[PDB]
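J.: Quick note, the sequences are listed as chains y, n, p, s, u, w, o, z and t, same order.
Residue numbers for the first sequence follow the authors' numbering, so the first one is 1 and each next one is one higher.
Residue numbers for the second sequence follow the authors' numbering, so the first one is 1 and each next one is one higher.
Residue numbers for the third sequence follow the authors' numbering, so the first one is 2 and each next one is one higher.
Residue numbers for the fourth sequence follow the authors' numbering, so the first one is 5 and each next one is one higher.
Residue numbers for the fifth sequence follow the authors' numbering, so the first one is 7 and each next one is one higher.
Residue numbers for the sixth sequence follow the authors' numbering, so the first one is 1 and each next one is one higher.
Residue numbers for the seventh sequence follow the authors' numbering, so the first one is 1 and each next one is one higher.
Residue numbers for the eighth sequence follow the authors' numbering, so the first one is 1 and each next one is one higher.
Residue numbers for the ninth sequence follow the authors' numbering, so the first one is 8 and each next one is one higher.
Just so you know, even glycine gets a beta-carbon here, dropped at the ideal spot from N, CA and C.
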Amino acid sequence: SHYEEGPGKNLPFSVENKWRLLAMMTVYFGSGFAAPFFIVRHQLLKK
Amino acid sequence: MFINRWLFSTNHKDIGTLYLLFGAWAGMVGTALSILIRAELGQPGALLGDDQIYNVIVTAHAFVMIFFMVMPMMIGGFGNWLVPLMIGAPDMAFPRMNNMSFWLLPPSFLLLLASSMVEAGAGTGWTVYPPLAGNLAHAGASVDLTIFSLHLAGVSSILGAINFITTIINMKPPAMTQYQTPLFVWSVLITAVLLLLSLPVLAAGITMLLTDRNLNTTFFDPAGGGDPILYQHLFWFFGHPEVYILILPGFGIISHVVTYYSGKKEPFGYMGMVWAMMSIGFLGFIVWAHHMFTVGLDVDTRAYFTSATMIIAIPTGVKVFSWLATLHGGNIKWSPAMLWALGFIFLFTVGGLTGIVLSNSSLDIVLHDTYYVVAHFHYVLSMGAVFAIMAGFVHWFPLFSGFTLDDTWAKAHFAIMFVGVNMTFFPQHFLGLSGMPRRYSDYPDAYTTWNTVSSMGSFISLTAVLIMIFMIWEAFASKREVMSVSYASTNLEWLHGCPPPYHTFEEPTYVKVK
Amino acid sequence: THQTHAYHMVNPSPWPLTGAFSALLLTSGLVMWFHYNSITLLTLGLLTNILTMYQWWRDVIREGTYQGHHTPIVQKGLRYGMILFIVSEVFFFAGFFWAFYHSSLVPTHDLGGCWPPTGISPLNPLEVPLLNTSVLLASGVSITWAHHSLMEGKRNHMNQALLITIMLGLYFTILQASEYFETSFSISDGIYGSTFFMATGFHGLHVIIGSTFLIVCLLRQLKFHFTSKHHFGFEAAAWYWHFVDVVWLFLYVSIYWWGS
Amino acid sequence: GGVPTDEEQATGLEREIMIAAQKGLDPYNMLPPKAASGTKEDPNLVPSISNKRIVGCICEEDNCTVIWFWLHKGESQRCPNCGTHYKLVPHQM
Amino acid sequence: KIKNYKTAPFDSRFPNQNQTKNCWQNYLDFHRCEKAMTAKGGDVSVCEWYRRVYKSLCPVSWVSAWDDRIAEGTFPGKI
Amino acid sequence: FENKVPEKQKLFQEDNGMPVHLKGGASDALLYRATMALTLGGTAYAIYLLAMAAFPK
Amino acid sequence: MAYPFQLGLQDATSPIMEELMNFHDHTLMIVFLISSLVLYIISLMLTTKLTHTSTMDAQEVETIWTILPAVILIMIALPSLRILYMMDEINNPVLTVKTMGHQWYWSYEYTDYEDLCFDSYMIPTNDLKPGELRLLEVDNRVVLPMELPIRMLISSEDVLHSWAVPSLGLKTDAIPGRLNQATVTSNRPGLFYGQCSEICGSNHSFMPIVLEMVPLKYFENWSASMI
Amino acid sequence: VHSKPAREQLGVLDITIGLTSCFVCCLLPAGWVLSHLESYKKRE
Amino acid sequence: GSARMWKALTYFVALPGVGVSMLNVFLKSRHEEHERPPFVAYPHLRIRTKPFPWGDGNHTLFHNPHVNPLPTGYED
Ligand code: HEA
Ligand code: HEA
Ligand SMILES: [Cu+2]
Ligand SMILES: [Mg+2]
Ligand code: NA
Ligand SMILES: [Zn+2]
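#1: Interface residues of chain z around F29(y) at Cβ under 9 Å?
#2: Measuring only from the beta carbon, is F293(n) closer than 7 Å to any heavy atom that is part of ligand 1?
#3: Out of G42(n), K319(n) and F164(n), which has the shortest C-alpha to C-alpha gap to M74(n)?
#4: Please name the residue in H110(p), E90(p), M54(p) and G82(p) whose C-alpha comes closest to that of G83(u).
#5: What does the Cβ neighbour count give for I175(p), buried or exposed, with the cut at 16 atoms within 10 Å?
#6: Could you tell me whether any Cβ in chain w is nearer than 8 Å to the Cβ of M117(n)?
#7: Expressed to the nearest angstrom, what Euclidean distance is found between the alpha-carbon atoms of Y231(n) and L22(y)?
#8: Once DSSP output is grouped into helix, strand and coil, what is the label at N221(o)?
#9: Note down, in chain order, each residue of its chain lying with its Cβ closer than 8 Å to the Cβ of residue 119(y), except the 5 sequence neighbours on either side.
#10: Could you say which of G269(n), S279(n) and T10(n) lies nearest to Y244(n) if we only look at CA atoms?
#11: Classify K98(o) as buried or exposed, calling it buried when 16 or more other Cβ atoms lie within 10 Å of its own Cβ.
#12: Any chance you could list the beta strand (DSSP E) runs of at least 3 consecutive residues sitting entirely within the region 435-510 of chain n, in chain order?
#13: Do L431(n) and ligand 5 come close, with the Cβ less than 7 Å from some heavy atom?
#14: Quickly, what does DSSP pair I150(o) with across the bridge? List them, please.
#15: For the region 394-403 of chain n against the region 115-126 of chain o, are there 3 or more C-beta pairs whose distance is under 8 Å?
#16: For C115(p), does the three-state DSSP call read helix, strand or coil?
#17: Are the region 67-82 of chain n and the region 177-196 of chain n touching by the rule of at least three beta carbon pairs closer than 8 Å?
#18: Using DSSP bridges, identify the partner residues of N48(s).
#19: Report the CB separation of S187(p) from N75(t) in whole angstroms; it is logged as a contact under 8 Å.
#20: Could you tell me whether the Cβ of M100(o) comes closer than 8 Å to any Cβ of chain u?
#21: Residues of the region 27-57 of chain w in Cβ contact with chain n at a cutoff of 7 Å, in chain order, please.
#22: With a CB to CB cut of under 7 Å and the five nearest residues on each side skipped, what residues in its chain are close to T10(n)?
#23: Ignore the nearest five residues each way along the sequence and tell me which others in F214(p)'s own chain have a CB closer than 6 Å to its CB.
#24: Given this structure, state the Cα-to-Cα distance separating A276(n) from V129(p), to the nearest angstrom.
#25: Does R59(p) come within less than 8 Å of chain s when only Cβ atoms are used?
#26: Mind pulling the chain u residues with CB within less than 8 Å of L106(p)?
#27: One question on the structure: do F425(n) and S382(n) come within less than 8 Å of each other, judged by their Cβ atoms?
#28: With burial defined as no fewer than 16 other Cβ atoms inside 10 Å of the residue's Cβ, what is the status of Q96(s): buried or exposed?
#29: Among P228(n), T124(n), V193(n) and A161(n), which has the Cα closest to the Cα of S156(o)?
#30: Determine the DSSP secondary structure at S155(o), reduced to helix, strand or coil.
#31: Under 8 Å, Cβ to Cβ, is there at least one residue of chain t near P82(u)?
#32: Is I37(n) a contact residue of ligand 2, with contact defined as CB to any heavy atom under 7 Å?
#33: Can you tell me which of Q68(p), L132(p), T72(p) and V254(p) puts its alpha carbon nearest to the alpha carbon of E180(p)?
#34: By DSSP, does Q59(o) sit in helix, in strand, or in coil?
#35: Name the chain n residues whose beta carbon is nearer than 9 Å to that of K44(s)?
#36: Run through the DSSP bridge pairs and tell me what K98(o) is partnered with.
What follows is the structure, encoded as structure tokens:
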């Protein structure tokens, strides 16, 4: 009603385009898995 | 619409959605940290160089995996989805501070990331034991960033605990006895009570440490009449209640998935279940010095603490036997949630018994801070709480999004992660009994073989993480809906649609007069 | 008419977001103040936090008295949550008393083996802390007289009790600052000075917070917001002030008499 | 004179349920319901503002598990595991 | 006495693992011994046992630091 | 002082579509834009200072 | 000294280690009892086929399910208190040895007569003389006599450490301003190896403990030969 | 829990892309850092 | 009856009690002219491991030059 409800409509991200969804999940989980590796390389450059 | 609905959210469903997203991101970060640790610990030698950066990695692993993954996943997330739908509440009691606590969490994670950025690093561990965290050993700001991240997470947890207790004991239907709610509500109630009684303890301890560094005070400085043993006492009066925080919604979730897919209309011994939950809650505060058996306490104090630790061991065993009893007599539907629950039962059993082997005091005088402890808490936490999170995740996902899970691929994920965590976490029994301590970036020749086996199993667990994130994508892409849900007569959450709408329980439930 | 349950559906609000990020600014600015000597981030964090709290409790009042959304069971939830908050700082100050008792009951060899540590004369607890605890007890009896004047329901004694309580609390804060200025040791002066000043400072900050409660409840009564039965703002102020009073009694007894 | 009284001060949902409390009828479900008699000729009356409402049978004494099911408008449906009758009536509010 | 021994005995008054308080008590009663016998004219070498027992119980850094506290007038103890 | 509650009780129960945090008038909207302009500006200034601590000269 | 493919503890040298390992395999046979029991119960209800989803009787089995694990825990806990009493026994301190954990190394003090303090450093991998063990060897060993209960007064200078020799059976935290007392005994001479077990900076993995125990005559021969 | 048919069924190729897609960008970052740690190590 | 009783206790017990305690401190503060204790550089007092984040880093937030000596002495 005031907000749209239904299967897949209660997510903050769009679901209809599966390839766009794949791209956004890929960059999201890639940033998640890549944050500590860029921490360790940043500290290696700093040290 | 986006900034109105999601950044300014006031409904528990989307609040739990954003909990689930943040918990998944924190699980990714913690998985990366664990893989880096095992990259140290799969081949002898300084792959990175100094071990101070390795201590930073293990500190970030502990903090991210405890405070940003498990609690936002099952305590915040599953609680915020479930307990209004569980007790018939239309919404949480104080959704505005619920949203405040949620949006308090990413500043804590960002402060921890900034701590990792600072060149001093958080080389302390989960324990932030002074004078290692003081101005002399750590001349920097990174440990201050960690302490402030603990402040942020602590006030978020306090606010969430207040909201959860208020919602549970206030807005159940008025004819309901408090001993009539589903057991996840009881588990998260005892969880929120222990959060409320243990989170000001961390607040006191880390304000003490922050004042010790920045304001020239001597709370833990030996050169001013202070003592770090006080910080150890405060931090473990935090710590064992906190690990019981990390296990109690696991008890609730596994009990619910067992009584769902086992075909029973009721779990065995509900009064015994609730009594065991309150008993381990009550005894969780008076056993805090089982991490203190080698510090130099009084010997009668050590005897009391190990005896009371056996007293906390007994009702958990009552809980486990009630799970086996409610498994008894029921036809087992082979959903992956039962596979996670059975893995939880067996692996939590062996982890708790490993905890008992630690709990014998002289066995800690031989066995404190080795990898035997690592095996204990990775059995009971890194796949106890993790397998419970997985069980709830693959159970309520058709309720959370509307799309089901395919059993073959989901069980493939379960089997590979079970094998990976077993291969990872079974060698540290031999690693700890053979006697290497924690926080080592390189290991001797006797420990080389089991360390290599554990790292190979950890890479198996990483492949399982890949197949899980692929499976989330596959569900969200195939978008096959829910035809029907069984046992919605007993489980209140499943009868209001998959997924439930934005405004649930606008008409209150008609509770029987009796 | 769209909800049949008597509970409260909050409209979307930005102040959860802004208060959480203002806490981020507060902690980050504390880091920059301690290590990189820039106060501006801390001042901006304080301003954003106080302004966010102002509008948050503004909206709470607006949905309370200008809309009537605090149903009896809603304020039952409010009083439950306030009780939980009270016991939260009960255990907070209990951890602080644990630190003090571990410092005092077993003195180390760096203090000379005696309590208080040698070198600095401790403050006299007979005159000025006694005046302080009389101030707190007078303020507490004024609060309970004010709530009974709500039960009787009449404004002149209500207002007189609230003003005399606020004057007593302000006097206690001024005396606390005066005894901070009139003491022979600092927070960097030994374990006893460290724990005494930290505990008294946390208590005094809580007294300032309670004074803000009493000020806002006075300005809410002068604007006729409170009524004969729905006066939960003053109920919460009363409970917070009684918590403050019992914490000061514990601090008085323990620190000022146990080993002095 | 003195402080205002909430009877002529407070307005809104609080005032509506205050009038409900003075008149003794509770339409907004702050109190447990009545008429625990679920026969065929006398089913349990469940008031709903919609066509359908969640009911929970506590159909055994001191039963720790509640039985949750919906009612739709019409004939009196029974609790699935005990068999007491419920009839849903429109509140018309 | 003027006895000859090997090491410090097991003090039954202090039966726990913490012997910082043990060397604390040893240092304090060695000093009250020294001041008492130099006050009343007794033999000052009768608690060489006390000197050697604090030397055995607590480290050289602590002992030299505390002797500097004596030499300046800085010692926090009741001596 | 005068009882101005019932006249302020009419300015907030109007079902005009504004949420509860904006019904009071233009002062509240100005104040909400003000607390957006310094929180988000502060957060952007906070992450710059943390990055400046992260990367020395 | 730990050997590759090790599953239990490093073998006993001290009588306290002998009772630790006896109680250890007591706890292992207990945990194997419970683990086999829960395995057979789980396999029983996964291998069954019949159904019972009626009202299950609750107040009949929790009595035994409470009392018999209480017996198991009390027979676990009684030898723990027994071994605690063994550490609570009186001492025969032929020697007093003090350990002082310094930043990334140790210093050992023999001060009963002719005060001597030596520094236990870390030997590097490239400077390892041929035949030794990696990450364990120290240029200056810690000399003890055998068959003698010796006091171990353990503290640290600037950061927390943890003196832990698992073979002999000692592990206590070196705390600044709090020195713990550990009773060191054995039955054999030779080398014994242990580690630091508390995080203490950028060389936490690089603090080992080497203890060589030999006949008393060689002990004072060593102590005279240094000075 | 019965499930309705997939609204957007994934083909053999779609599953292949999906599995690899993430594995690729969920391990690529890891590989890069680990593989070049020795360079990164160079203070240069 | 409760509200009257509390009003009477406030006016006849609490206010006279605060008056007597204020008079006690006020008379003491006029007779006591404390002999500042001699400075002794005790190693457990005036500990400075890190400078304060204000002023010169050596003065406490509520510093009083008359009664609070620095690690070096009184300021006068
Ligand atoms: C999920 C979190 C979790 C849980 C549930 C537990 C549960 C327990 N933990 Fe543990 N623990 C941790 C997380 C957890 N712990 C962490 C994270 C650390 C280290 C932190 C750090 O070092 O930084 C730790 C450390 C730790 C130590 C420190 C060892 C040392 O360093 O010296 C000890 C020792 O006493 C201990 C004991 C226990 C015990 C006795 C239990 C018990 O509650 C387990 C009870 C469970 C059982 C299943 C009991 C067995 C009962 C049966 C099998 C029924 C049948 C029995 C009979 C028939 C007799 N834990
Ligand atoms: C939640 C807590 C948690 C979890 C899951 C783990 C998981 C793992 N831990 Fe962790 N570990 C700790 C908590 C945890 N650990 C703590 C508290 C310490 C002590 C720190 C200290 O010494 O101070 C520690 C220490 C520790 C060490 C000691 C380092 C050292 O002393 O040198 C090691 C090394 O082997 C290790 C390894 C691992 C491995 C290989 C995993 C693997 O199991 C990783 C695989 C698990 C997962 C990946 C979890 C599942 C989550 C997801 C799959 C993502 C979630 C997303 C969705 C569900 C959508 N851990
Ligand atoms: Cu514990
Ligand atoms: Mg430690
Ligand atoms: Na390594
Ligand atoms: Zn029924």
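T.: For this structure:
#1: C22, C25 and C26
#2: yes
#3: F164(n)
#4: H110(p)
#5: exposed
#6: So, interface residue.
#7: 47 Å
#8: helix
#9: The structure shown does not extend to residue 119(y), since chain y is modelled only from 1 through 47, so no value can be given for it.
#10: Selection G269(n), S279(n) and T10(n) evaluated against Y244(n) yields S279(n) as nearest (Cα-Cα).
#11: buried
#12: 482-484
#13: With a threshold of 7 Å, the Cβ atom of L431(n) does not count as near ligand 5, since no heavy atom of the ligand is closer than that.
#14: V184(o)
#15: Because the criterion of three Cβ pairs below 8 Å is not met, the region 394-403 of chain n and the region 115-126 of chain o do not touch.
#16: coil
#17: They touch, by the three-pair rule.
#18: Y90(s)
#19: Contact between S187(p) and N75(t) holds, with the beta-carbon distance rounding to 6 Å and staying under 8 Å.
#20: yes
#21: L50, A53 and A54
#22: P95, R96 and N99
#23: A238 and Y241
#24: 50 Å
#25: no
#26: Here the premise fails: no neighbours, minimum Cβ distance about 13 Å.
#27: Going by beta carbons, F425(n) and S382(n) fall inside the 8 Å limit.
#28: exposed
#29: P228(n)
#30: strand
#31: Against chain t, the CB of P82(u) has a partner CB under 8 Å away; the residue lies at that interface.
#32: yes
#33: Comparing C-alpha distances from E180(p) to each of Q68(p), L132(p), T72(p) and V254(p) shows the shortest one belongs to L132(p).
#34: coil
#35: Those do not exist, as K44(s) stays about 18 Å from chain n at its closest Cβ, beyond 9 Å.
#36: According to DSSP, residue pairing for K98(o) in a beta bridge involves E109(o) and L153(o).
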